[PDB]
Amino acid sequence: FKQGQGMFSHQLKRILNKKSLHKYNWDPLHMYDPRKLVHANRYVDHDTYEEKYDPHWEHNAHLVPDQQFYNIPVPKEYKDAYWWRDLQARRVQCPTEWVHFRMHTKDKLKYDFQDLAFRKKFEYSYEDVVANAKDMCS
Amino acid sequence: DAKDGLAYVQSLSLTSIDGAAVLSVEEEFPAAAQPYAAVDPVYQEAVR
Amino acid sequence: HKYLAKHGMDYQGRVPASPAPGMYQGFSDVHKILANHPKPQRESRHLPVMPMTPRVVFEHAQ
Amino acid sequence: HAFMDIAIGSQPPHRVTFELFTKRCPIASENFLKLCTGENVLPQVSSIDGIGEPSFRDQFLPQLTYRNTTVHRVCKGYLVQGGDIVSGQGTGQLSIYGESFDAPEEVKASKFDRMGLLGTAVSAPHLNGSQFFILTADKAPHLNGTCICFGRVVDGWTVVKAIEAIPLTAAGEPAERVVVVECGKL
Amino acid sequence: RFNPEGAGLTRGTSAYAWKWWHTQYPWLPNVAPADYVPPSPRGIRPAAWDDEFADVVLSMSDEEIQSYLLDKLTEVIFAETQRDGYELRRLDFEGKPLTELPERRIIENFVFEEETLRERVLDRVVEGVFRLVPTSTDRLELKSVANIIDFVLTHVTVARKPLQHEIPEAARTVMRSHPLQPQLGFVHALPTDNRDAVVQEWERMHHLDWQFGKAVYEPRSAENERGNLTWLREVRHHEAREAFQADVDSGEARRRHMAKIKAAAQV
Amino acid sequence: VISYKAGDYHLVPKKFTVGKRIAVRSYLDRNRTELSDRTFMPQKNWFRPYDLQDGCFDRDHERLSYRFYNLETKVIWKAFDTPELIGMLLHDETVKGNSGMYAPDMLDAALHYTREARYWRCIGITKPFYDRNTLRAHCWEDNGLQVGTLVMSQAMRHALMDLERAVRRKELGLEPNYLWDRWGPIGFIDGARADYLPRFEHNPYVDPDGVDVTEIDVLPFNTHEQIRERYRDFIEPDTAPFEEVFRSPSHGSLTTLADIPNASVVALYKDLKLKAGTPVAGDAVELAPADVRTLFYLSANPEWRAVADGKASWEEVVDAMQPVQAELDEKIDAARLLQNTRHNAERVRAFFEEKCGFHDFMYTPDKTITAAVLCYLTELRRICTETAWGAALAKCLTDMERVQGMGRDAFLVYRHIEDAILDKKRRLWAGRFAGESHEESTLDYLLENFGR
Amino acid sequence: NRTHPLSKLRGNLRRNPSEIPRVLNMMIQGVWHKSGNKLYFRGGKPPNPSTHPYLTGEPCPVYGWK
């Protein structure tokens, strides 16, 4: 007496296999807002009551990355609160079951694997492997 | 982080850094026409 | 409970039906905290209008 | 020519006479007269048909006159900016021509090389509104193709050099409210 | 199944409380209209309270005025209000009123509801003593000794002229030319706890304040100097800066710096 | 040295802790027996601080664009929902700091809508404003392009039927029992089930007199003009019987045997009324005529005037050699006018009980009420616009600034009228709770005594 | 109500993985309003939310749409 043997139960078992879009939305740093730290360690000048332009600040600044912002700059002392986002931006942006081609084969060597950034190393082309191994006359 | 660079670095009167034999102490002046849009977080955050 | 407090008596009369405009204003699905009556009104004096709940419209459709 | 009276808080008004470059730049300069001359008036009351049929109701809406405006952004040693009919904080631009206007000939042909010059205040060249600014620092080379120089203050420079010396409160605003009491034409 | 207007509900939540269990909606805490701003020490004084009264009242602080209000309210009640009919102080063997005025609890739970009682207090304490004037919609909830105290303690806190940060000139040029300047941006580094005010304040159901890496940061203007590592950690670093600064004063820095380039030239 | 005996600082204040260790509190240790004072004592509130928002009004338009969008628009509403509290918010917005609340303009718009919001309340409009900007009685039958043809919702074309059926009746010569003149603030004053207007087609209003009204009837009465003349006689309230009662001393509560000196002055009123031409002594506590009662208030507060005329050994002399303060009875009646209809939703309804003779306000049909408001706002304008003491008196909220401008002695007067009104309420409230008969014993005996 | 990119108006044609369970239940189930009439989908050919004309404006009571 089940119900709904009809076509809608014949599509909804075939069209839903379509793989939705994946965007590695990395975690939002709610409590530690990173962009409100551009104002940390800023000499307020007693004329305009605004932050003086410190030329040193930008050197003790640790650009914490972001998705909606290129690279938010934060002073060095407050760098460690963002330890997860610097581990999520360096990450590769897909569940590593999709990029398992790199981790088990002999691509274990031909790839940067620092904190799961499965990005190819440098690799000479074949025009160069012989350009570098004939010029040596090897 | 001062406007007195060129006149100071020549006060030393460098002549060597153990291999250098410094050839010229010219001043770059790369602050020329720097837009406030280079230090303003309200702007630089709009570009970035 | 509002006549007894303000008048010192039992009401001793037939209570008006059709709740006064302005009563049960935070309630949303009254229908029980009432008779099946409609949500009374706003606290206004505009002529009574049925708040066309999905129910009232169905009765029109009957 | 045109005037403008400046009230620095509890201090009296003072005439600031602007010689508008009505010749080279017509649009942005005639935008100044219509804004100073008190040219757009719309007095209404709700009872007598103010609300019912007309549906104009645009008199609860930025009024397009410099009357009772402010002088908000004052950069000491640099300039004195002021005049906005939309937001008290200095943001937003209003004009005779809607929200704003760009005039291609009138923006490229600008040169800010005199003191006391009077230009427009832009968020970008495509945007010119009621916001003017009176240049106090003598030369302005970085302001060449940005905005329009539609006139200069002809006298009464005492105030634009007395406004500039008014202290900034915490808010980046002058410590005491500089108000534009009443404007007009000369 | 909810009942809004249920005389429980803490009176802030009558929509958010449909969700939450029967066991948790009575306790949901009072927070704010979420648009009510803190009482602000702005300068807007009631239209006609005036000075002399303001100059006197403003002298009293908001515990110097809450205290006065409690005494007056116990005096307004147990006055015309109580002596007029009931009695509010326990009597002895013969029937003499042991204590002078009521006990502080009876006043706390006392509810100025009946119009005859509210007008008997509001013209005397909030209009008479304080020369404040309450709106109609606030006169509704202005019916308790607890609320009478707060209504005053907002409209008198919005009266103290906002403290005027005015500095002289002769001292101003000191803090400018002085070598050691303040960094002064740290307040933002502080971690944000922004969320629904109820879910943020339900957690502080008890002294969850200093607990689990939280801290009620009240801006501190002076620091204890004893045992304060981060204070001695720099008062020596400072005394190591005044000592290095001594060279540049005399000129042994320039020498000891000019001795490097003559060590680093002939090599 | 710094003494320390150990077992002193716990590192946590001794409340939040067990001997050592901070203790846990989780809304399950707590009972529901606290938090049960809420049934009478209301929870704490955040009273917003009153602001004259001129600090937010740095320029002009933002100040005159909330005059309408926020102040006036709260009157069009209150001129629609409850026109009696339309004097309450006029106080609410002026206690909050606004300027022109009692200005000669806000009133002459408040009275404008109050006058007309009636004739589009009987038309069937349920919301006075269509959108943020315009009124719903100005939605023209095109999208917005029609001249004046009002977009008549089904509710209206059933409100315009009940009006037309009331016309045909008095066009047949019968009594036009208009349905919505039994409609008051509680709904049908007759205690009947309210007839809701988008009336079902299986519950058509039936009058056993053979009156025909249908859709073919009201569709031509589209625009605003051809109803203000056709149903003129019903949408318009009547202002005649209320024309001047607010400009007249009436104290519905106060009785002849009620005065601040409860006997001394009324002993004079009995003394003048036995040695009199047409003499009548007072035992009947029945209320004397209104205007002679306010005389004693003008003759009982000031021990100046208590003796100033007590010397007078004749009837009309006391009753008429005091017209000089009878020139003061309006400046006090302007006070007992404001402060009465001002503060609470209740003070106003109790006020109209005295003056316009509403026995119960809650049952007087809206036609009778909107009039009294229209006849009350029509005399707020008189006070604000005609005489100079009217403005400041309106903008005065406390007594301290109230006493100053207008008659200091005139304020001595009615603050013993109000104190006498409220003390009459003291008689009712404390009247209930003074009969004590309880005990362990007599509460037992009061059963059998209750048995027969 | 599909909507045009430029149009500030917001429509409920989402395609987030959290919102497709209800966007199908509109196209195949349809809505049975508590007033007795079946809404958005009442018959045979299930609508194509992505080929709807764009949402032009919120409905008003007096007229149809502002």
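Please refer to the structure higher up on the page.
The numbering scheme restarts from 1 for each chain and tracks the written sequence of that chain rather than necessarily the entry's numbering. Residues without coordinates are not displayed. As a convention, the first chain written is A and the first ligand written is 1, with the rest following in written order. Just a portion of a larger assembly is displayed, and each value is taken over that portion. Here the side-chain values reflect all heavy atoms present in the structure, with hydrogen atoms and water set aside.

Engineer: Now, about the overall build of chain F: what can you tell me, with residues and values included?
Structural biologist: Secondary structure elements are taken from DSSP: a helix is a run of H or I of four residues or more, a strand is a run of E of two residues or more, and numbering for both begins at the N terminus. In terms of helices and strands, chain F carries 21 helices and two strands. Note on method: radius of gyration uses C-alpha positions; expected globular size equals 2.2 Å times residues raised to 0.38. Here the C-alpha atoms of chain F give a radius of gyration of 30 Å, more than 25% beyond the 22 Å that 2.2 N^0.38 yields for 452 residues. For chain F, the spread of C-alpha atoms along the three principal axes comes to 100 × 85 × 70 Å. Within the span of chain F, comprising 452 residues, buried residues form 48% of the whole. Exposure is judged per residue with a 1.4 Å probe applied to protein chains only, and the accessible area is read against the type maximum: over 50% gives exposed, under 20% gives buried, and values in between give partly exposed.

Engineer: So what's going on with a nonpolar patch on the surface? Which residues, and what values?
Structural biologist: Think of a patch as exposed residues, more than 30% relative accessible area, with no salt bridge, where like charges cluster within 9 Å and nonpolar side chains (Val, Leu, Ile, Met, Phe, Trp, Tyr) cluster within 5 Å. With residues, only the protein chains shown are counted as cover, and all accessible areas are computed by Shrake-Rupley using a 1.4 Å probe. Each reported salt bridge corresponds to a side-chain nitrogen of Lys or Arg within 4 Å of a carboxyl oxygen of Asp or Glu. Side chains of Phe122(A), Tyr124(A), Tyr126(A), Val129(A) and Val130(A) sit close together on the surface and give an oily, nonpolar patch of about 630 Å² of accessible area. Within the element layout of this structure, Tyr126(A) appears in helix α4 (residues 126-134).

Engineer: How would you explain the interface of chain E and chain F if you had to name every residue and give the values?
Structural biologist: Contacts: residue pairs with any heavy atoms within 4.5 Å of one another. At the interface, 59 residues of chain E touch 39 residues of chain F. Accessible area, probed at 1.4 Å, shrinks when two parts are joined; the buried area is that loss added up over both. Taken over both partners, the interface formed by chain E and chain F buries close to 5000 Å², and the fraction arising from carbon and sulfur atoms is 58%. At the boundary of chain E and chain F, one finds two salt bridges. With a shortest N-O distance of 2.8 Å, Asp51(F) and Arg42(E) are connected by a salt bridge. Every element with two or more residues in the side of chain E that touches chain F is listed here: α3 (80-83), α5 (115-129), α6 (136-141) and α7 (145-155) of chain E. It is α5(E) that provides the largest number of residues to the side of chain E that touches chain F, a total of seven residues. The residue classification treats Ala, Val, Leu, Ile, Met, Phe, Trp, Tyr, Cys and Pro as nonpolar and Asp, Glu, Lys and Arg as charged. All others, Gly included, are polar. Across the side of chain E that touches chain F, the residue classes tally to 22 nonpolar, 18 polar and 19 charged.

Engineer: Lay out unusual backbone geometry with the relevant residues and their values.
Structural biologist: The phi dihedral of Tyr49(A) is positive, around 50 degrees, even though this residue is not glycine. If you trace the backbone, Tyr49(A) turns up in the loop between α1 (8-11) and β1 (61-65). A relative accessible area of 41% places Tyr49(A) in the partly exposed class. Phi at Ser18(C) takes a positive value of approximately 55 degrees, unusual for a residue other than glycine. Position of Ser18(C) among the secondary structure elements: in the loop between α1 (3-7) and α2 (54-61).

Engineer: So, the side chain of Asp60(F): which residues are in play, and what are the values?
Structural biologist: Looking at the element boundaries, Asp60(F) is found in the segment before α1 (61-64). When charges are counted, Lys and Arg are positive and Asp and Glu negative, with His and the chain ends excluded. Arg59(F) is the oppositely charged side chain nearest to the buried, salt-bridge-free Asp60(F), at an N-O distance of 5.1 Å. Discounting chain neighbours no more than four positions away, the residues touching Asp60(F) are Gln63(D) and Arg67(D).

Engineer: Just give me the short version of the pattern of salt bridges, but keep the residues and values in it.
Structural biologist: Going through the model one piece at a time under the given rule, you end up with 55 salt bridges over all chains. Note that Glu182(D) and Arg67(D) form a salt bridge whose closest N and O atoms lie 3.6 Å from each other. Residue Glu182(D) is located in strand β8 (residues 178-183), and its partner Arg67(D) is located in the loop between α2 (46-50) and β3 (69-70); the two are separated by 115 residues in the primary sequence. One salt bridge connects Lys74(F) with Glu93(F), and the closest N-O pair in it is separated by 3.7 Å. Placement of the pair is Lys74(F) in helix α2 (residues 66-78) and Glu93(F) in helix α3 (residues 88-95), with a sequence separation of 19 residues. Its relative accessible area of 26% is what places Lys74(F) among the partly exposed residues. Among the charged side chains, a network of salt bridges with common partners joins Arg45(C), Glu84(F), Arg118(F), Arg121(F), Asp181(F), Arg349(F) and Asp366(F).

Engineer: Could you give an account of the interface of chain F and chain D, with specific residues and numbers?
Structural biologist: Each side of the interface is counted separately: chain F has 19 residues, and chain D has 21 residues. Of the roughly 1600 Å² buried where chain F meets chain D, counting both sides, 53% is carbon and sulfur surface. Ranking the residues of chain F by area buried against chain D places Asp58(F), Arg59(F) and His61(F) at the top, with a combined share of 36%. The interface formed by chain F and chain D includes zero salt bridges. In protein, a polar contact requires one atom able to donate a hydrogen and another able to accept it; more generally it is a pair of N or O atoms within 3.5 Å, and residues adjacent in sequence count only if both atoms are side-chain atoms. At the junction of chain F and chain D, the tally comes to seven residue pairs in polar contact.

Engineer: Let's hear about the environment of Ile149(E): which residues, and what values?
Structural biologist: Residue and element names in this part refer to chain E. With respect to the secondary-structure elements, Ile149 resides in helix α7. Between the alpha carbons of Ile149 and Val76 there is a distance of 13 Å; along the sequence they are 73 residues apart. Ignoring sequence-local partners within four residues, the contact set of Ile149 consists of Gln66, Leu69, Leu70 and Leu73.

Engineer: Tell me about the sheet that holds strand β7 (residues 151-153) of chain D, and name the residues and values.
Structural biologist: Residue and element names in this part refer to chain D. Here, a strand pair is defined by DSSP locating no fewer than two bridges between the strands. Pairing is antiparallel in the open sheet, where five strands are placed in the order β2-β7-β5-β6-β4. Every interior strand has two partners, whereas the edge strands, β2 (18-20) and β4 (79-82), have only one. Within this sheet the neighbouring strands show an average axis-to-axis angle of 25 degrees, counted without direction. Looking at chain direction, β4 and strand β6 (residues 132-135) are connected through four bridges and run antiparallel. Within β6, the residue paired with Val80 across the bridge is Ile134. A fitted line through C-alpha atoms represents every axis, and for helices the fit uses only the stretch in contact; the resulting angles, taken between N-to-C directions, go from 0 to 180 degrees. Sitting on the sheet, helix α1 (residues 26-36) is in contact with β2, β5 (117-120) and β6, with an inclination near 135 degrees to β2.

Engineer: Help me get a handle on the state of the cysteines, residues and values and all.
Structural biologist: When two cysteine sulfur atoms lie within 2.5 Å, the pair is treated as a disulfide. In this structure the tally under the stated criterion is zero disulfides over all chains. No disulfide involves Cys36(D); its sulfur sits 5.2 Å from that of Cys183(D), the nearest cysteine. Here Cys384(F) is not disulfide-linked; the sulfur of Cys396(F) is the nearest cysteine sulfur, at 13 Å. When its relative accessible area of 15% is taken as the criterion, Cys384(F) is described as buried.

Engineer: Can you break down the sheet that holds β3(D) residue by residue, with the values?
Structural biologist: Residues and elements named next belong to chain D. Spatially, the three strands line up as an open sheet ordered β1-β8-β3, and their pairing is antiparallel. Each edge of the open sheet is held by one strand with a lone partner, namely β1 (4-8) and β3. As paired elements, β3 and β8 share two bridges and run antiparallel to each other. Paired with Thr70 across the two strands is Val179, which belongs to β8.

Engineer: Summarise the packing of helix α4 (residues 106-119) of chain F against helix α16 (residues 366-386) of chain F; cite the residues concerned and give the values.
Structural biologist: Residue and element names in this part refer to chain F. Close contact between α4 and α16 brings their axes to 10 Å; oriented N to C, the two are set at 165 degrees. Relative to α16, the element α4 is oriented roughly antiparallel. At the point where α4 passes α16, the crossing takes the left-handed sense. On α16, the residues touching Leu107, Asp108, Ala110, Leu111, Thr114, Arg115 and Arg118 of α4 are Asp366, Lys367, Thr370, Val373, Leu374, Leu377, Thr378, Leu380, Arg381 and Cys384. A per-class count over the contact of α4 with α16 returns eight nonpolar, three polar and six charged. Roughly parallel means an angle under 35 degrees; roughly antiparallel means over 145; roughly perpendicular covers 65 to 115; every other angle is labelled oblique. If you view the pair so one helix is near and one far, a crossing is left-handed when the near helix is turned anticlockwise from the far one by less than a right angle, and right-handed when it is turned clockwise.

Engineer: Can you break down the packing of aromatic side chains residue by residue, with the values?
Structural biologist: Centres within 6.5 Å make a pair out of two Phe, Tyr or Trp rings, where for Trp the six-membered ring is used; the pair is then stacked when the planes are under 30 degrees apart, edge-to-face when over 60, and tilted otherwise. Applying the stated criterion across every chain, the model contains 45 aromatic pairs over all chains. Between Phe60(D) and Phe68(F), the aromatic rings sit 5.0 Å apart at their centres with planes inclined by 10 degrees, giving stacked as the arrangement. In this pair, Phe60(D) sits in the loop between α2 and β3 while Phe68(F) sits in helix α2, so the two residues belong to two different chains. When its relative accessible area of 11% is taken as the criterion, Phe60(D) is described as buried. Since its relative accessible area comes to 2%, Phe68(F) is described here as buried. Taking 4.9 Å as the distance between ring centres and 55 degrees as the angle between the ring planes, the aromatic pair formed by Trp20(E) and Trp202(E) counts as tilted. Taken together, the positions of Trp20(E) in the segment before α1 (53-59) and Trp202(E) in helix α9 (residues 197-203) put the pair 182 residues apart, joining distant regions of the chain. Note on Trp202(E): relative accessible area 15%, which makes it buried. Connected via pairs of aromatic rings, a cluster forms that spans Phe18(D), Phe32(D), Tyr66(D), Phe132(D) and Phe150(D).

Engineer: Give a description of the packing of helix α10 (residues 229-250) of chain E against helix α11 (residues 252-263) of chain E that names residues and reports values.
Structural biologist: Residues and elements named next belong to chain E. Packing of α10 against α11 brings their axes to within 5 Å, and their N-to-C directions diverge by 90 degrees. In terms of orientation, α10 and α11 fall into the roughly perpendicular class. Contacts between α10 and α11 involve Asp247, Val248 and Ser250 from the former and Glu252, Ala253 and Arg256 from the latter.

Engineer: Before we move on, could you go through the side chain of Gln41(C) and cite the residues and values that matter?
Structural biologist: Note on placement: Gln41(C) falls in the loop between α1 and α2. Those residues in contact with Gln41(C) that lie beyond four places of it in its chain are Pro21(C), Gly22(C), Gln25(C), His46(C), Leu47(C), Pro48(C) and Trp183(F).

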